[PDB]
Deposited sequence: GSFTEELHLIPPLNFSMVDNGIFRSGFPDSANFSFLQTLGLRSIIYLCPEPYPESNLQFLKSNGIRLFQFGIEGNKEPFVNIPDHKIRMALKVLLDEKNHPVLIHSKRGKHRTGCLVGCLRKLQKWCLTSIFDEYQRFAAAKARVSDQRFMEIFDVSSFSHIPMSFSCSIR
């Protein structure tokens, strides 16, 4: 009866936007229910054959922006986050799942930058980031969001969003 398994740290971010860690075959029946158009994948590692067959069967486009893992206190790639954000803000790509390995750091930073574009105060952005990152919350991830300059994205409409 209970049989659907969302991927690790799965959540709905907004209308047409999801976040998680790395899906495996146990999660495919759940992800099929979302009717995804796109995945934004933030790790450099090649997509496993299992996941590639799932994308092909379901007509899902893979956007890969490979952000190299780093541990505190040693550099979040502004350019890769911004390339991912440009794809995320295009409603033609929705519904879209953002994922990394566990969906805490790279995924957390991309979602936090979306919230800054949505005009959330920093403490509200950090609270949501911390909910997922839990004991692995990094000051460096929040600093990245704190200094992220919204200028180049500020004209992009979000009529997709629940938040008008």
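No alpha-carbon coordinates exist for the deposited sequence positions 1-5, 80, 171, given here in order along the chain.
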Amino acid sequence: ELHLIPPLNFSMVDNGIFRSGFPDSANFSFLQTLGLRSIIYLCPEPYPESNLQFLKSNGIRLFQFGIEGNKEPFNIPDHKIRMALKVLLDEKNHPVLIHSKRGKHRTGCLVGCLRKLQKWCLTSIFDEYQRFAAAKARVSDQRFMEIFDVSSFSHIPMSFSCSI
From here on, numbers count along this sequence of modelled residues.
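Higher average CA B factor: 59-67, of the stretches 36-44 and 59-67. Legend: mean Cα B-factor per stretch from the PDB entry, 9-17 versus 150-158; the higher mean is in 150-158.
The entry lists C-alpha B-factors for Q53, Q118, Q130, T107, and the highest of these is at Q53.
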